[PDB]
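Asks: In the entry's author numbering, the protein residues as written are 428 to 464. The beta-carbon is built from N, C-alpha and C at its ideal position, and this holds for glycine as well.
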Amino acid sequence: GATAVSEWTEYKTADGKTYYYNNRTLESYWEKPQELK
């Protein structure tokens with residue numbers, strides 16, 4: 428990756444949980460994708 432930093436959006440919950448929602452693949456990852464680094 429190391430580019431296209433726009434398809435990976437960070438959603439922060441009030442209780443302090445971070446998950447990245449990727450619309451490209453419709454996949455939700457609770458840990459940072461290697462595309463982000």
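At the level of alpha carbons, what is the spacing between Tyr447 and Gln461?
Replies: Their Cα atoms are separated by approximately 12 Å.
Asks: Verify whether the separation of the beta carbon atoms of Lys464 and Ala429 is less than 8 Å.
Replies: Yes, these two residues count as a Cβ contact at 8 Å.
Asks: Would you tell me roughly how many angstroms separate the C-alpha atoms of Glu437 and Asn449, rounded to the nearest one?
Replies: Each residue's Cα considered, the two are about 9 Å apart.
Asks: Would you report the Cα separation of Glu454 and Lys444, rounded to the nearest angstrom?
Replies: In a straight line, the C-alpha of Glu454 is about 17 Å away from that of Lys444.
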